[PDB]
Amino acid sequence: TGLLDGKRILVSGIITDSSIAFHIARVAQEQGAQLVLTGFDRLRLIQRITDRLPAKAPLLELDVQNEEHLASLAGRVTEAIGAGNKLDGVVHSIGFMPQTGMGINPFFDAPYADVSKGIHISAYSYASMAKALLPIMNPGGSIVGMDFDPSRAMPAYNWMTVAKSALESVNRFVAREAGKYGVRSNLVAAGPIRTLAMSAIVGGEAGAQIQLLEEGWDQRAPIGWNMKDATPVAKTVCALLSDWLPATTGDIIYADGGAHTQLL
Ligand SMILES: [C][C]S(=O)(=O)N1[N][C]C2=[C][C]=C(OC3=C(/[C]=N/[O])[C]=C(C(F)(F)F)[C]=[C]3)[C]=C2[B]1([O])[O]
């Protein structure tokens, strides 16, 4: 018997096999969840990444900036899940920020056009997705998004930090809307993870300062932190997807090795 036995969950944000969403999807399927996966612009290549998952899963096209995609998403999911069946979970693992708003680039030199695009994708889309999917969610359901603790400023992450701050605020309002359906809405604030996205930033002064953040994180974390292992994060997301945190919503769960509770 698995944690998510007989639950229908939509997982978005799977770009590579190193994406956090892939490990969330992997662990979810290991725990008995029936999945619906979304992607964009490389569905042939994405499906082949998806094929490495334990179980087969339908793949739907979703650009969270496309209003037509969002307006038809709910229906397209139903034609895949089956009529009379609803979703029990939605995982939002989508974030983006142009180079000008991250890395070694001066914080002031990021034009708003780039920042607005990042915030649309990283923060506003969380509400867009909730708006589209809540009608086809069962009571007791769970919406989960991804987060990186933005309560304090930091190097390199720059404007992505701001987009995460907005996301945290958006989540609290999504929770108000989700409550009417009996649905919870939460974020998982993870410690630093070596996704291909972040791995690129490290290589592409800033990269050294990222290493300083990574090193300091593991030391600070009372139980340690492995940036190469996304599994503890994925299990945390699955925990929120289950029925074992049923009184938690509009909230943030920190899967960071306990680093945010330690100063030094
Ligand atoms: C899920 C996709 S996402 O786009 O929306 N996203 N959300 C959560 C999230 C959580 C942790 C992350 O890892 C880091 C690292 C990693 N170092 O190895 C370094 C820094 C810093 F501050 F040093 F630059 C920040 C986050 C990345 C992401 B994220 O921005 O990819």
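Residues numbered from 1 in each chain as written, not as in the entry; some residues may be left out. Heavy atoms only, no water. Residues with missing side-chain atoms left out of burial classes, pairs and counts.

Caption draft 1: Inspection of the UniProt feature "binding site: NAD(+)" in the chain at higher detail. Residues annotated by UniProt as "binding site: NAD(+)" correspond here to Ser19, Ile20, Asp63, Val64, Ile94, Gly95, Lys164 and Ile193. Look at the named residues: they lie 175 residues apart in sequence, and the longest C-alpha span between them is 24.0 Å, so in the fold they stay spread out. Along the chain, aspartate 63 falls in the loop between β3 (59–61) and α3 (67–81). Apart from the residues lying within four places of it in its own chain, the contact partners of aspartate 63 are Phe40 and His69. Looking at the element boundaries, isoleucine 193 is found in the loop between β6 (184–190) and α6 (196–203). When sequence neighbours within four positions are dropped, the list of residues in contact with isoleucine 193 reads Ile20, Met198, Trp225, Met227, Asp229, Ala230 and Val233. (UniProt positions renumbered as here; feature names shortened; annotations may be inferred. Helix = DSSP H or I, 4+ residues; strand = E, 2+ residues; numbered from the N terminus. Contact = heavy atoms within 4.5 Å.)

Caption draft 2: Region of the structure containing helix α8 (residues 231–241). The set of residues buried in α8 consists of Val233, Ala234, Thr236, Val237, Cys238, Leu240 and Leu241. On its buried face, α8 sits against β1 (8–11), α1 (20–30), β4 (87–92), β5 (137–147), β6 and β7 (251–255). (Buried < 20%, exposed > 50% of the residue type's maximum accessible area, 1.4 Å probe, protein only.)

Caption draft 3: Structural context of the pattern of salt bridges. The final tally for this structure, using the stated rule, is 5 salt bridges. A salt bridge links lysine 7 to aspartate 243; the nearest nitrogen and oxygen atoms lie 2.9 Å apart. Given a relative accessible area of 11%, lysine 7 falls into the buried group. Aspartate 17 is the salt-bridge partner of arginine 52, the closest N and O atoms lying 3.7 Å from each other. Residue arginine 52 is found in the loop between α2 (43–50) and β3, and its partner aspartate 17 is found in the loop between β1 and α1; the two are separated by 35 residues along the sequence. Look at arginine 52 and you get exposed, because its relative accessible area is 51%. (Salt bridge = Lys/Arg side-chain N within 4 Å of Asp/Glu carboxyl O.)

Caption draft 4: Molecular detail of the layout of surface pockets. What the second largest pocket holds in volume is close to 430 Å³. Lining the second largest pocket are 17 residues, with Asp149, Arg152, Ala153, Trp217 and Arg220 positioned closest to its centre. Each residue belonging to the lining of the second largest pocket can be placed in one class, and the counts come to 9 nonpolar, 5 polar and 3 charged. (1 Å grid on protein atoms, 1.4 Å probe; cavity = no way out; pocket = protein on both sides within 12 Å on 5 of 7 lines; lining within 4 Å. Points joined across faces, edges and corners; volume = space filled by probe spheres on them. Nonpolar A, V, L, I, M, F, W, Y, C, P; charged D, E, K, R; others polar.)

Caption draft 5: Geometry of the UniProt feature "binding site: substrate" in the chain. Sequence positions flagged by UniProt for "binding site: substrate" are, in local numbering, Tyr157. By secondary structure assignment, the location of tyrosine 157 is in the loop between β5 and α5 (158–178). For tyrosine 157, a relative accessible area of 13% puts it in the buried group. The residues touching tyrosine 157, leaving out its near neighbours within four places in the chain, are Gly101, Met102, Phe148 and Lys164.

Caption draft 6: Seen up close, the pairing of β5. The buried fraction of β5 amounts to 8 of the 11 residues, a majority that puts the element mostly inside the structure. Looking at chain direction, β4 and β5 are connected through 5 bridges and run parallel. Each bridged residue has a counterpart across the sheet, and for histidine 92 the counterpart in β5 is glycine 145. With helix α4 (residues 112–133) bridging β4 and the parallel β5, this β-α-β connection has right-handed handedness. (Pairing = 2+ DSSP bridges. Right-handed = clockwise from strand over helix to strand, strands pointing away.)

Caption draft 7: Here's a closer look at the site of the ligand. Lining the immediate surroundings of the ligand are 18 residues, of which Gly95, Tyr157, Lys164, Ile193 and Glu214 lie closest. Measuring from an oxygen atom of the ligand, one finds a side-chain N or O atom of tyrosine 157 at 2.7 Å. A distance of 3.0 Å separates an oxygen atom of the ligand from a polar backbone atom of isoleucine 193. Protein chains shield 94% of the accessible area of the ligand, which is 640 Å² for the free molecule. The biggest single contributor to the shell around the ligand is helix α7 (residues 206–220), with 3 residues. In terms of residue class, the shell around the ligand is made up of 11 nonpolar, 3 polar and 4 charged. (Near = heavy atom within 4 Å. Polar contact = N/O pair within 3.5 Å; in protein donor to acceptor, adjacent residues only side chain to side chain. Areas by Shrake-Rupley, 256 points an atom, 1.4 Å probe, with all protein chains shown as cover.)

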